[PDB]
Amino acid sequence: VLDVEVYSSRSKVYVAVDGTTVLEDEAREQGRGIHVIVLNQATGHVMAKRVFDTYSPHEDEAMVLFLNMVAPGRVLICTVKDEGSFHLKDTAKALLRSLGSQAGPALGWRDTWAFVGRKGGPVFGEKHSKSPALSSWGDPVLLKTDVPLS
């Protein structure tokens, strides 16, 4: 199994696999949105890493087009930095739901969200915290879960 850690918050995201951090971003000016990592399901190696600023218009379309080309079976990791919902439209939301995500489809303004799941298979872990007020953010969430190698 892979030891996977996924952190989502206003100011910082990080992802680690088996003790190696494969993503860390705590910029103010950059990195906003949904960070997406694709792992090889047999080795845990990172095959692709992206960030879609879904706070901004049309970035969710790019995320959908990227997710479309991921082979069924790959491990997906999603994590929000700062804000990932403002221009997250219904098609992207529906796609995340079809990926088995509970909170993705329901993602709201300045919510936090961390997700690990196989494309075409089960979810391995998910956490979500709601912003309590418009000028506030969801509570940071720290998801630590085991991912079985295929």
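Between two forms, the rigid core is the largest collection of C-alphas that superpose within 1.5 Å. Note that residue numbering follows the sequence shown and begins at 1.
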item: Which of 24 to 32 and 37 to 45 lies farther from this form in 6 other deposited structures of this protein, as RMS of C-alpha positions after a rigid core fit; value: 24 to 32
item: Between 104 to 112 and 117 to 125, the one whose CA atoms sit farther away in 6 other deposited structures of this protein (rigid core aligned); value: 117 to 125
item: Average Cα temperature factor in the PDB entry - higher stretch of 93 to 101, 42 to 50; value: 42 to 50
item: 17 to 25 or 132 to 140, whichever carries the higher mean Cα B-factor; value: 17 to 25
item: Highest-ranked of 57, 122, 125, 108 once sorted by CA temperature factor in the record; value: 122
item: Modelled-residue ranking by C-alpha temperature factor, third containing residue 114; value: lowest
item: Ranked C-alpha temperature factor of residue 67 among modelled chain residues, by third; value: middle
